[PDB]
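In what follows, a structure is listed as structure tokens, so that the remarks can point back to it.
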Amino acid sequence: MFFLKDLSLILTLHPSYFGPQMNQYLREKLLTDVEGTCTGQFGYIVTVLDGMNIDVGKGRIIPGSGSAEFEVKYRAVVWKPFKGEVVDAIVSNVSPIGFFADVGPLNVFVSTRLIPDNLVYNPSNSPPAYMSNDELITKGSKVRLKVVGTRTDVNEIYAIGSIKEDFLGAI
Amino acid sequence: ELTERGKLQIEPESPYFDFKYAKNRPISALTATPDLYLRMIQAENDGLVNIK
Amino acid sequence: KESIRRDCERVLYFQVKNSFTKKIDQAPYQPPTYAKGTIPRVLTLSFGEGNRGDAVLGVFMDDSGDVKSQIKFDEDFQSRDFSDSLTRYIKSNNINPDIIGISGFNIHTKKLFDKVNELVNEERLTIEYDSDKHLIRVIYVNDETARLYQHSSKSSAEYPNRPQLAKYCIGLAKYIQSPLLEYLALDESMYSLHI
Amino acid sequence: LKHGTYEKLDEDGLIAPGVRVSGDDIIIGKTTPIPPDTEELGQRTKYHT
Amino acid sequence: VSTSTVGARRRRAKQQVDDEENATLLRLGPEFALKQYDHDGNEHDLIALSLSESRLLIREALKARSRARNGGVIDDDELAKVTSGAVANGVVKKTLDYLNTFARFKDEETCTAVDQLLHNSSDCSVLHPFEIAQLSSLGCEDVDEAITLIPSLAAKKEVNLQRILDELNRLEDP
Amino acid sequence: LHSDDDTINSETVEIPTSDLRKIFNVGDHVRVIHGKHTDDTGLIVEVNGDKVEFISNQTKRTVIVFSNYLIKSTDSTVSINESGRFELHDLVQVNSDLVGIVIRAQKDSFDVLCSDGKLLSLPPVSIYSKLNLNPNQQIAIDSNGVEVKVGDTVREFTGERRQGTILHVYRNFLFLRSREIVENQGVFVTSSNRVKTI
Amino acid sequence: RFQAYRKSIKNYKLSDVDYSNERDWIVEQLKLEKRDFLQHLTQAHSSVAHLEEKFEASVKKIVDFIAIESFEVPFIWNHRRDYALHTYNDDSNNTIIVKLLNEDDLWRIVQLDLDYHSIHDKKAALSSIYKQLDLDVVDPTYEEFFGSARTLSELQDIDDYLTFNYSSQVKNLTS
Amino acid sequence: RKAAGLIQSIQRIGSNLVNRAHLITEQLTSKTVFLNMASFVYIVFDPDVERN
Amino acid sequence: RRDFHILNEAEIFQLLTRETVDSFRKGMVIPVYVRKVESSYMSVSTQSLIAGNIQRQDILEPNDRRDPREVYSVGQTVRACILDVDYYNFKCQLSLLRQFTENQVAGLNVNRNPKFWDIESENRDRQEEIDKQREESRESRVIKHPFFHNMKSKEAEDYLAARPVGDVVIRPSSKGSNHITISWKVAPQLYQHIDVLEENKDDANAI
RNA sequence: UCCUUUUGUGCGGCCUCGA
């Protein structure tokens with residue numbers, strides 16, 4: 001789910017960049033280091049609002065190293081899944097152990113043990129799919145799944161979904 | 001045809017350089033060289049190229 | 001696209017199957033004046049990486065598959081002492097090789113191969129069936145299975161008191177004696193080979 | 001071994017009178033035995049004991 | 001990498017059950033609590049965003065940045081390529097595709113009407129912003145379906161859920 | 001204790017350990033205490049009473065272990081030291097004509113990045129050998145003709161124009177470590193002809 | 001190995017008509033795959049008439065062995081090789097042996113035997129759906145492109161045709 | 001799995017297989033499995049041991 | 001079964017070196033570690049320990065006349081192009097000439113048939129890649145002088161408009177960091193720009 | 001073909017040196 005958050009970043013600048021374009025260079029460095037990153041505490045940062053008018057303040061010279069340290073505060077749009085939440089998805093790959101879907105940048109893996117039995121995986125189908133009498137879910141098909149567990153990595157997030165409950169599956 | 005990822009990352013070192021700018025290759029002759037078409041498909045799965 | 005993918009996968013499957021069939025279809029080495037399929041008596045040699053420090057380790061396997069008389073040579077292989085030790089070893093009454101196999105980790109193995117071949121040719125070390133006499137053959141051995149055998153826990157349990165290079169020599173000799181069973185002993189590791 | 005030189009020692013491990021010595025040079029050569037490592041994997045004359 | 005405006009949180013001895021993340025129980029943790037603080041330390045409420053609001057905001061910010069970087073002189077691919085970083089480009093492309101293929105409201109005025117309906121309503125004055133975002137995002141059609149998908153709405157039975165859902169479907173472009 | 005009555009939930013009761021059984025909920029990070037799957041972590045999927053099934057984190061496959069062998073550990077933090085025969089970032093010979101670099105290490109498997117970029121998952125036994133190349137062999141030459149040793153930072157000019165520090169050298173290929181490429185922990189393979197030294 | 005192959009098959013025992021259709025389908029598939037070999041056979045052995053009929057009979061016999069008698073490929077290759085080759089005497093009384101099939105072709109016949117059951121299940125499901133539709137008069141297009149259908153893609157096309165043109169009956173049975 | 005069962009059955013009966021027919025008469029294998037495997041497993045025959 | 005396979009020259013070479021006879025052949029270019037430097041021959045060792053050799057006619061350029069010892073040193077590593085491979089003795093011959101080491105880039109027999117290869121798109125992409133390799137970095141110049149002002153030509157004229165005749169302003173020149181344009185007021189609404197060429201510059205920003 | 005090298009104890013006691 002998307003949210004608005006007030007975030008802060010610590011930026012260290014080498015003395016070779018102490019020029020008139022210091023503010024703009026700090027802005028582009030902040031944009032390159034924030035746009036598209038994935039932090040487990042917050043989720044996924046997609047964009048930073050008012051990216052060209054962010055206040056950077058006055059940098060503090062680190063004693064013994066010369067480099068300046070800047071405290072940059074900004075507001076950004078952040079997306080993070082939650083345990084027990086139902087969201088839409090698009091299937092990206094089909095495998096005997098289960099299917100892999102994509103929810104924006106996040107990839108969600110659903111095992112067969114969380115899939116209803118009537119949706120039997122058909123590897124002979126072109127393309128391979130988990131199909132039932134009235135349902136057929138393959139690559140690129142819209143699916144509604146419920147996030148059960150979230151796994152946090154250093155700079156990555158792994159989510160596990162399920163479709164065994166009602167109002168789930170093919171949509 | 002090449003995507004931007006394919007436009008950049010398709011270097012001479014890469015195995016996909018053989019078919020970077022291929023055209024007019026008939027389907028009947030693909031079965032003679034399965035490795036070529038499999039490499040094309042694997043390159044497509046990486047998001048580098050598109051088989052049309 | 002799916003149809004061509006399936007067809008090409010079938011063709012590649014059959015090509016890989018034929019390549020693996022060419023790999024594993026090998027009989028044991030036939031000693032001269034003996035019927036094909038008879039298990040030979042093998043002696044294998046290898047110093048390892050070929051460095052200054054590395055010594056040559058030998059393993060003798062008879063036709064019954066039993067390892068006999070592993071030995072360690074304590075002299076430079078380019079000297080006369082190593083040649084004398086190898087001549088005494090081969091001409092010993094309790095050891096009667098049918099073939100001598102050599103393999104190693106780098107190009108230094110060529111010097112060992114040339115040294116052993118020259119020694120065998122000059123001294124006229126013939127096969128001892130204990131008439132027509134034939135010199136023992138010196139060949140290079142493909143060590144596809146030996147390098148995985150030397151690290152396998154089954155080999156370590158089989159020979160607890162032996163170093164890795166001794167297990168490499170045993171793997172080479174076993175490969176000479178029966179390539180098929182040596183490929184089978186890899187179990188899951190044979191899918192990682194260069195087929 | 002140490003970083004100093006060993007060429008000033010004799011066969012018996014002792015330096016002889018009349019020889020010039022600088023700092024750190026070895027004047028008495030002594031060794032103690034050590035149970036050998038797995039170097040019996042094959043080291044013809046270069047396994048440390 | 002980035003640090004939140006909320007700090008401290010030192011060691012104690014008591015342990016609480018309102019610490020694990022759970023959408024059903026409406027326990028969003030300290031960093032996503034209902035009460036937040038801005039850079040000035042003033043009171044601030046948690047800002048949820050539906051896919052329509054999020055899509056409008058990301059499109060507005062991206063086109064503003066593209067216009068600014070071009071000296072003040074619509075395509076999703078070029079707009080994504082405006083940003084820097086190959087992994088960042090892939091992430092923004094994936095978000096743009098996800099938002100485009102599930103955009104319930106592609107118009108600014110429809111999104112404004114939806115936000116006004118979901119905010120100024122008397123029943124929605126008690127509704128959590130996460131519930132509002134989920135209702136405006138998932139596009140549910142039935143009260144029972146909404147309760148099953150959103151367990152939090154089960155305990156709030158003083159909400160005219162059915163007519164709000166029908167108004168949302170009406171505002172939704174077929 | 002937890003119950004529908006609030007007054008009961010505010011009481012602490014001391015209970016002997018002989019009459020306690022752990023409760024494992026679906027979707028919790030748990031680390032295996034003891035068994036063949038020791039130190040495996042993952043998320044619980046199915047709770048069949050005494051037997052608990054969970055999708056692993058390392059092997060990323062479902063594993064069935066008894067509930068007596070599980071501890072709720074929210075993070076893995078598994079150390080791979082004193083295992084296998086391969087340190088992290090080792091240049092390992094996969095087979096006769098294949099080589100790669102260890103990217104991630106596991107208790108009974110490894111992740112290897114090939115010289116051409118393909119990733120492989122193999123058991124330790126299936127790896128042919130480890131290449132202990134000499135320092136003189138571990139030297140390459142950039143496009144300008146300037147020598148580049150291990151630890152020298154270089155930056156490309158063709159392609160995506162990435163930058164990294166040299167981690168290993170194999171033939172004409174340079175294995176580079178970089179800060180911004182988080183996809184393979186900074187390890188990306190380029191030929192020495194594509195880079196310029198800084 | 002046969003149990004491992006057939007573990008995924010819901011029902012392996014086909015009826016007589018379905019079994020004959022399976023044999024014909026495998027013969028047609030082998031004819032498609034082995035076109036160059038059949039062309040070489042026809043060109044280089046022009047003096048012998050109806051060799052392709054002998055090829056069809058041999059393929060049907062191999063399918064019969066594999067399905068009914070459950071013989072694996074090495075047993076067929078060793079002890080049933082006379083059904084996999086044809087012999088004749090030329091005008092000069094020359095004994096000539098022609099090898100119609102090899103071991104790889106036997107493995108391919110095993111693979112086609114395994115493959116056809118998915119087609120059979122799909123065709124059975126499509127026919128069942130058509131039965132539940134219960135048309136007053138049989139649709140000539142449906143039967144015309146159902147009798148000649150030999151791949152699951154065409155069965156999927158017929159399924160799409162049926163769910164489109166008779167969507168009202170599908171809705172009644174049940175977008 | 002059948003191989004291990006066969007090995008265990010032989011080790012039960014006495015770790016020696018006298019004749020091919022004993023794979024059926026001793027109920028060691030079923031009819032079709034024996035029909036497949038009969039000619040691919042062999043028993044070494046020593047004429048000095050069997051004078052009859 | 002077939003007889004026991006006995007390795008040939010190519011199989012022995014692949015076994016002992018792990019380099020196939022395809023990836024190590026005539027015309028390829030590899031980095032080699034120099035080991036001996038003499039007046040007429042040079043001995044090098046490749047990465048896979050294959051002993052190389054280079055002759056006097058292949059060490060030095062035709063226009064060069066210096067002795068080979070002065071040009072290269074032991075322990076240095078250089079690029080060389082393979083001229084012959086002896087697969088039995090594990091010996092090879094190399095050449096360090098520019099004509100062999102650099103020009104031979106297209107080492108693969110890619111089928112560039114016009115009917116089967118998109119020649120024009122490849123040419124356009126390669127031209128764009130050269131046009132991107134032509135990109136350069138540049139920045140402004142800072143000079144410390146009382147009469148120096150970082151202004152344009154028109155800006156300097158407007159600045160001198162408010163000042164009487166004879167006042168002097170100094171601005172950076174458009175011809176490069178090595179040039180300085182000095183503008184002085186000749187007359188009301190009449191100014192002269194004079195370009196000054198700098199020699200023996202200590203730095204781009206320096207005078 | 002040959003060349004190829006690396007590090008240090010602890011704890012007390014006594015006698016001294018400059019303030």
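To be explicit about the labels: the chains of the structure tokens are called A, B, and onward in the order shown, and within each one the residues are counted from 1, while ligands get numbers from 1 in the order they are shown.
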Check every residue of chain F for an atom within 7 Å of chain B, counting only C-alpha atoms, and provide those that qualify as a PyMOL selection string.
chain F and resi 116+159-160
Write out as a ChimeraX atom specification all residues of range 21-174 of chain C that DSSP puts in strand (DSSP E) for this structure's backbone.
/C:42-46,57-61,67-72,99-102,137-140
Please produce an output containing C-alpha atoms for each residue in the selection, written as a short mmCIF file (atom, residue, chain, number, x, y, z; two decimals), in the first residue's frame.
data_model
loop_
_atom_site.label_atom_id
_atom_site.label_comp_id
_atom_site.auth_asym_id
_atom_site.auth_seq_id
_atom_site.Cartn_x
_atom_site.Cartn_y
_atom_site.Cartn_z
CA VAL C 42 46.75 -50.86 -13.65
CA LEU C 43 49.47 -48.63 -12.20
CA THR C 44 48.75 -44.90 -11.95
CA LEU C 45 51.13 -42.03 -11.25
CA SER C 46 50.63 -38.33 -10.48
CA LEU C 57 52.31 -40.97 -5.60
CA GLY C 58 51.64 -44.36 -7.17
CA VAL C 59 48.78 -46.85 -6.80
CA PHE C 60 48.68 -50.39 -8.23
CA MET C 61 45.31 -52.07 -8.84
CA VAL C 67 44.29 -51.64 -4.35
CA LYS C 68 47.80 -52.94 -3.67
CA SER C 69 51.05 -51.27 -2.58
CA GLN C 70 50.57 -47.53 -2.56
CA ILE C 71 54.03 -45.95 -2.48
CA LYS C 72 55.53 -42.47 -2.12
CA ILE C 99 49.14 -50.42 -18.43
CA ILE C 100 50.55 -47.25 -16.84
CA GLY C 101 48.19 -44.27 -16.59
CA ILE C 102 49.29 -40.68 -15.98
CA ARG C 137 51.55 -48.86 -22.44
CA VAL C 138 51.74 -45.31 -21.09
CA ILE C 139 48.68 -43.13 -21.77
CA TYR C 140 46.96 -39.96 -20.61
#
Give me, as a PDB file with N, CA and C atoms, in the first residue's frame, the contact residues of chain A against chain I at a cut-off of 12 Å, counting only C-alpha atoms.
ATOM      1  N   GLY A  19      31.922  23.645  -4.660  1.00  0.00           N
ATOM      2  CA  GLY A  19      31.744  24.674  -5.655  1.00  0.00           C
ATOM      3  C   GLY A  19      30.376  25.317  -5.582  1.00  0.00           C
ATOM      4  N   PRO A  20      30.094  26.245  -6.505  1.00  0.00           N
ATOM      5  CA  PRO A  20      28.755  26.858  -6.553  1.00  0.00           C
ATOM      6  C   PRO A  20      27.631  25.871  -6.839  1.00  0.00           C
ATOM      7  N   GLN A  21      27.897  24.800  -7.588  1.00  0.00           N
ATOM      8  CA  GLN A  21      26.895  23.799  -7.922  1.00  0.00           C
ATOM      9  C   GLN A  21      26.764  22.708  -6.863  1.00  0.00           C
TER      10      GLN A  21
END
Write out as a ChimeraX atom specification the residues lying within 8 Å of range 56-59 of chain I, counting only C-alpha atoms (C1' of nucleotides) and excluding same-chain residues fewer than 3 positions away.
/I:39-42,68,94-97
Residues within 12 Å of range 191-195 of chain I, please, as a PyMOL selection string. Count only C-alpha atoms (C1' of nucleotides); anything in the same chain fewer than 6 positions from it doesn't count.
chain I and resi 152-161+163-185
As an MDAnalysis selection string, please: the residues near residue 26 in chain D (cut-off 9 Å, only C-alpha atoms (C1' of nucleotides), same-chain neighbours under 6 positions excluded).
chainID D and resid 2 4:9 15
Range 34-37 of chain B: which residues within 12 Å, counting only C-alpha atoms (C1' of nucleotides), same-chain residues fewer than 3 positions away excluded, as a PyMOL selection string?
(chain B and resi 15-20+22+25-31+40-44+51) or (chain C and resi 1-16)
Can I get the selection written as an mmCIF file, in the first residue's frame, with N, CA and C atoms?
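Now in result05.cif:
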data_model
loop_
_atom_site.group_PDB
_atom_site.id
_atom_site.type_symbol
_atom_site.label_atom_id
_atom_site.label_comp_id
_atom_site.auth_asym_id
_atom_site.auth_seq_id
_atom_site.Cartn_x
_atom_site.Cartn_y
_atom_site.Cartn_z
ATOM 1 N N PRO B 15 27.162 -14.234 -25.725
ATOM 2 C CA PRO B 15 26.690 -15.241 -26.692
ATOM 3 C C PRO B 15 25.533 -14.766 -27.556
ATOM 4 N N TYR B 16 24.792 -13.742 -27.132
ATOM 5 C CA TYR B 16 23.653 -13.251 -27.892
ATOM 6 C C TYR B 16 24.056 -12.346 -29.051
ATOM 7 N N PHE B 17 25.354 -12.042 -29.194
ATOM 8 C CA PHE B 17 25.833 -11.185 -30.273
ATOM 9 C C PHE B 17 25.670 -11.833 -31.644
ATOM 10 N N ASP B 18 25.544 -13.162 -31.695
ATOM 11 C CA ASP B 18 25.415 -13.882 -32.963
ATOM 12 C C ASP B 18 24.139 -13.462 -33.691
ATOM 13 N N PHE B 19 23.068 -13.194 -32.943
ATOM 14 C CA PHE B 19 21.757 -12.909 -33.517
ATOM 15 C C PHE B 19 21.256 -11.520 -33.127
ATOM 16 N N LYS B 20 22.182 -10.582 -32.901
ATOM 17 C CA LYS B 20 21.814 -9.241 -32.449
ATOM 18 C C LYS B 20 20.987 -8.495 -33.493
ATOM 19 N N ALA B 22 19.721 -10.091 -36.526
ATOM 20 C CA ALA B 22 19.283 -11.110 -37.466
ATOM 21 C C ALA B 22 17.954 -10.729 -38.111
ATOM 22 N N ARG B 25 15.218 -15.023 -41.314
ATOM 23 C CA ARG B 25 15.599 -16.389 -40.992
ATOM 24 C C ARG B 25 14.359 -17.271 -40.975
ATOM 25 N N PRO B 26 14.220 -18.209 -41.912
ATOM 26 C CA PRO B 26 12.993 -19.011 -41.993
ATOM 27 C C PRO B 26 12.822 -19.944 -40.803
ATOM 28 N N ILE B 27 11.553 -20.230 -40.494
ATOM 29 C CA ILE B 27 11.213 -21.109 -39.381
ATOM 30 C C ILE B 27 11.623 -22.550 -39.674
ATOM 31 N N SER B 28 11.554 -22.963 -40.944
ATOM 32 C CA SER B 28 11.870 -24.337 -41.335
ATOM 33 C C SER B 28 13.316 -24.717 -41.024
ATOM 34 N N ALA B 29 14.225 -23.745 -40.996
ATOM 35 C CA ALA B 29 15.636 -24.004 -40.755
ATOM 36 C C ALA B 29 16.023 -23.890 -39.287
ATOM 37 N N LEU B 30 15.089 -23.494 -38.415
ATOM 38 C CA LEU B 30 15.411 -23.303 -37.003
ATOM 39 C C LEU B 30 15.726 -24.622 -36.310
ATOM 40 N N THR B 31 15.029 -25.701 -36.690
ATOM 41 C CA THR B 31 15.229 -26.999 -36.056
ATOM 42 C C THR B 31 16.600 -27.598 -36.347
ATOM 43 N N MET B 40 18.091 -17.329 -28.446
ATOM 44 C CA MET B 40 17.185 -16.211 -28.724
ATOM 45 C C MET B 40 16.089 -16.112 -27.668
ATOM 46 N N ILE B 41 15.486 -17.255 -27.318
ATOM 47 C CA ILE B 41 14.430 -17.285 -26.307
ATOM 48 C C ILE B 41 14.972 -16.868 -24.940
ATOM 49 N N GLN B 42 16.150 -17.384 -24.568
ATOM 50 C CA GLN B 42 16.740 -17.036 -23.277
ATOM 51 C C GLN B 42 17.094 -15.555 -23.208
ATOM 52 N N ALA B 43 17.557 -14.984 -24.327
ATOM 53 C CA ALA B 43 17.782 -13.543 -24.393
ATOM 54 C C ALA B 43 16.475 -12.771 -24.251
ATOM 55 N N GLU B 44 15.393 -13.285 -24.850
ATOM 56 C CA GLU B 44 14.080 -12.657 -24.706
ATOM 57 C C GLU B 44 13.614 -12.666 -23.252
ATOM 58 N N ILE B 51 11.603 -11.406 -30.049
ATOM 59 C CA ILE B 51 11.433 -12.201 -31.261
ATOM 60 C C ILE B 51 10.088 -11.843 -31.873
ATOM 61 N N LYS C 1 5.799 -19.772 -31.664
ATOM 62 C CA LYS C 1 7.008 -19.673 -30.847
ATOM 63 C C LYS C 1 7.133 -20.862 -29.901
ATOM 64 N N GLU C 2 6.025 -21.226 -29.243
ATOM 65 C CA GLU C 2 6.009 -22.379 -28.349
ATOM 66 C C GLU C 2 6.309 -23.678 -29.094
ATOM 67 N N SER C 3 5.734 -23.841 -30.291
ATOM 68 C CA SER C 3 5.955 -25.055 -31.079
ATOM 69 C C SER C 3 7.419 -25.199 -31.486
ATOM 70 N N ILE C 4 8.032 -24.109 -31.973
ATOM 71 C CA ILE C 4 9.443 -24.166 -32.353
ATOM 72 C C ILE C 4 10.316 -24.412 -31.127
ATOM 73 N N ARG C 5 9.958 -23.807 -29.986
ATOM 74 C CA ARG C 5 10.693 -24.047 -28.742
ATOM 75 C C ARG C 5 10.670 -25.522 -28.362
ATOM 76 N N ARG C 6 9.491 -26.146 -28.438
ATOM 77 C CA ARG C 6 9.362 -27.561 -28.097
ATOM 78 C C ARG C 6 10.155 -28.443 -29.054
ATOM 79 N N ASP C 7 10.090 -28.141 -30.358
ATOM 80 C CA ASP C 7 10.827 -28.920 -31.349
ATOM 81 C C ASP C 7 12.338 -28.802 -31.146
ATOM 82 N N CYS C 8 12.827 -27.574 -30.937
ATOM 83 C CA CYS C 8 14.252 -27.358 -30.726
ATOM 84 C C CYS C 8 14.721 -27.987 -29.418
ATOM 85 N N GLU C 9 13.876 -27.963 -28.380
ATOM 86 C CA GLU C 9 14.217 -28.635 -27.132
ATOM 87 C C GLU C 9 14.315 -30.141 -27.324
ATOM 88 N N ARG C 10 13.422 -30.717 -28.137
ATOM 89 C CA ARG C 10 13.508 -32.141 -28.465
ATOM 90 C C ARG C 10 14.809 -32.474 -29.193
ATOM 91 N N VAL C 11 15.163 -31.668 -30.203
ATOM 92 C CA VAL C 11 16.389 -31.896 -30.968
ATOM 93 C C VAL C 11 17.621 -31.781 -30.074
ATOM 94 N N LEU C 12 17.663 -30.745 -29.227
ATOM 95 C CA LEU C 12 18.785 -30.565 -28.309
ATOM 96 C C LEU C 12 18.854 -31.695 -27.288
ATOM 97 N N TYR C 13 17.695 -32.165 -26.811
ATOM 98 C CA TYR C 13 17.627 -33.322 -25.920
ATOM 99 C C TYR C 13 18.269 -34.545 -26.560
ATOM 100 N N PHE C 14 17.922 -34.824 -27.820
ATOM 101 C CA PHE C 14 18.488 -35.992 -28.491
ATOM 102 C C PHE C 14 19.978 -35.817 -28.769
ATOM 103 N N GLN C 15 20.413 -34.591 -29.076
ATOM 104 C CA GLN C 15 21.842 -34.321 -29.248
ATOM 105 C C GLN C 15 22.622 -34.547 -27.956
ATOM 106 N N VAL C 16 22.094 -34.061 -26.828
ATOM 107 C CA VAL C 16 22.749 -34.254 -25.533
ATOM 108 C C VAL C 16 22.773 -35.732 -25.158
#
If we count only C-alpha atoms (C1' of nucleotides), what is near range 183-193 of chain F at a cut-off of 7 Å, once residues fewer than 2 positions away on the same chain are taken out, given as a PyMOL selection string?
chain F and resi 115+117+140-143+172-181+195
What does the file look like for those residues with N, CA and C atoms, as a PDB file, in the first residue's frame?
ATOM      1  N   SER F 115      31.320 -16.869 -16.150  1.00  0.00           N
ATOM      2  CA  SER F 115      32.005 -15.813 -16.888  1.00  0.00           C
ATOM      3  C   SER F 115      31.091 -15.136 -17.905  1.00  0.00           C
ATOM      4  N   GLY F 117      27.783 -14.799 -17.384  1.00  0.00           N
ATOM      5  CA  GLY F 117      26.716 -14.152 -16.650  1.00  0.00           C
ATOM      6  C   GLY F 117      25.650 -15.085 -16.112  1.00  0.00           C
ATOM      7  N   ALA F 140      45.897  -8.396 -15.746  1.00  0.00           N
ATOM      8  CA  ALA F 140      45.293  -8.147 -17.046  1.00  0.00           C
ATOM      9  C   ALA F 140      45.689  -6.759 -17.533  1.00  0.00           C
ATOM     10  N   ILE F 141      45.261  -6.438 -18.751  1.00  0.00           N
ATOM     11  CA  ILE F 141      45.648  -5.214 -19.437  1.00  0.00           C
ATOM     12  C   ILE F 141      44.400  -4.554 -20.011  1.00  0.00           C
ATOM     13  N   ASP F 142      44.219  -3.268 -19.708  1.00  0.00           N
ATOM     14  CA  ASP F 142      43.022  -2.547 -20.112  1.00  0.00           C
ATOM     15  C   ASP F 142      43.067  -2.185 -21.600  1.00  0.00           C
ATOM     16  N   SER F 143      42.033  -1.465 -22.048  1.00  0.00           N
ATOM     17  CA  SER F 143      41.934  -1.091 -23.457  1.00  0.00           C
ATOM     18  C   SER F 143      43.017  -0.100 -23.867  1.00  0.00           C
ATOM     19  N   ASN F 172      40.614 -13.000 -20.335  1.00  0.00           N
ATOM     20  CA  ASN F 172      40.321 -11.603 -20.629  1.00  0.00           C
ATOM     21  C   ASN F 172      39.185 -11.038 -19.786  1.00  0.00           C
ATOM     22  N   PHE F 173      38.515 -11.864 -18.988  1.00  0.00           N
ATOM     23  CA  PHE F 173      37.387 -11.430 -18.181  1.00  0.00           C
ATOM     24  C   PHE F 173      37.859 -10.870 -16.845  1.00  0.00           C
ATOM     25  N   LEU F 174      37.252  -9.761 -16.432  1.00  0.00           N
ATOM     26  CA  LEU F 174      37.485  -9.178 -15.117  1.00  0.00           C
ATOM     27  C   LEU F 174      36.229  -9.292 -14.271  1.00  0.00           C
ATOM     28  N   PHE F 175      36.371  -9.879 -13.087  1.00  0.00           N
ATOM     29  CA  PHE F 175      35.295  -9.945 -12.107  1.00  0.00           C
ATOM     30  C   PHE F 175      35.398  -8.708 -11.218  1.00  0.00           C
ATOM     31  N   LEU F 176      34.394  -7.841 -11.284  1.00  0.00           N
ATOM     32  CA  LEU F 176      34.428  -6.558 -10.601  1.00  0.00           C
ATOM     33  C   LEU F 176      33.413  -6.526  -9.465  1.00  0.00           C
ATOM     34  N   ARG F 177      33.775  -5.836  -8.388  1.00  0.00           N
ATOM     35  CA  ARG F 177      32.893  -5.618  -7.248  1.00  0.00           C
ATOM     36  C   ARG F 177      32.466  -4.156  -7.239  1.00  0.00           C
ATOM     37  N   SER F 178      31.166  -3.915  -7.097  1.00  0.00           N
ATOM     38  CA  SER F 178      30.621  -2.571  -7.211  1.00  0.00           C
ATOM     39  C   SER F 178      29.623  -2.308  -6.091  1.00  0.00           C
ATOM     40  N   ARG F 179      29.459  -1.032  -5.748  1.00  0.00           N
ATOM     41  CA  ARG F 179      28.553  -0.676  -4.660  1.00  0.00           C
ATOM     42  C   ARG F 179      27.096  -0.619  -5.111  1.00  0.00           C
ATOM     43  N   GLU F 180      26.827  -0.098  -6.311  1.00  0.00           N
ATOM     44  CA  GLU F 180      25.454   0.201  -6.705  1.00  0.00           C
ATOM     45  C   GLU F 180      24.703  -0.970  -7.332  1.00  0.00           C
ATOM     46  N   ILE F 181      25.390  -2.001  -7.817  1.00  0.00           N
ATOM     47  CA  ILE F 181      24.720  -3.149  -8.441  1.00  0.00           C
ATOM     48  C   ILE F 181      24.404  -4.129  -7.310  1.00  0.00           C
ATOM     49  N   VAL F 195      37.098  -1.816 -20.287  1.00  0.00           N
ATOM     50  CA  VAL F 195      37.296  -0.937 -19.145  1.00  0.00           C
ATOM     51  C   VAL F 195      38.477  -0.008 -19.395  1.00  0.00           C
TER      52      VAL F 195
END
Proximal residues of chain E relative to chain F (only C-alpha atoms; 10 Å) as a VMD selection string:
chain E and resid 85 to 87
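Taking the backbone of this structure through DSSP, the residues of chain H that come out as helix (DSSP H, G or I) are residues 2, 3, 4, 5, 6, 7, 8, 9, 10, 11, 12, 13, 22, 23, 24, 25, 31, 32, 33, 34, 35, 36 and 37 of chain H.
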Write to file, as a CSV table (one decimal), in the first residue's frame, the residues of the selection just made, with C-alpha atoms.
chain,number,residue,atom,x,y,z
H,2,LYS,CA,12.8,-52.4,-7.2
H,3,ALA,CA,16.6,-53.1,-7.3
H,4,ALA,CA,16.9,-52.6,-3.5
H,5,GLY,CA,13.9,-54.8,-2.8
H,6,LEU,CA,15.4,-57.5,-5.1
H,7,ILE,CA,18.8,-57.2,-3.4
H,8,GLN,CA,17.1,-57.6,0.1
H,9,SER,CA,15.1,-60.5,-1.1
H,10,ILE,CA,18.2,-62.3,-2.5
H,11,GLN,CA,20.0,-61.6,0.8
H,12,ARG,CA,17.0,-63.1,2.7
H,13,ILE,CA,17.0,-66.3,0.6
H,22,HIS,CA,13.9,-68.4,-9.2
H,23,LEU,CA,13.0,-64.8,-9.8
H,24,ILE,CA,9.4,-66.2,-10.4
H,25,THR,CA,9.3,-69.4,-8.4
H,31,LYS,CA,5.6,-61.5,-14.3
H,32,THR,CA,6.1,-58.4,-16.5
H,33,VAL,CA,9.1,-57.1,-14.6
H,34,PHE,CA,10.8,-60.5,-14.8
H,35,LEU,CA,9.9,-60.7,-18.5
H,36,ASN,CA,11.7,-57.4,-19.0
H,37,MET,CA,14.7,-58.1,-16.8
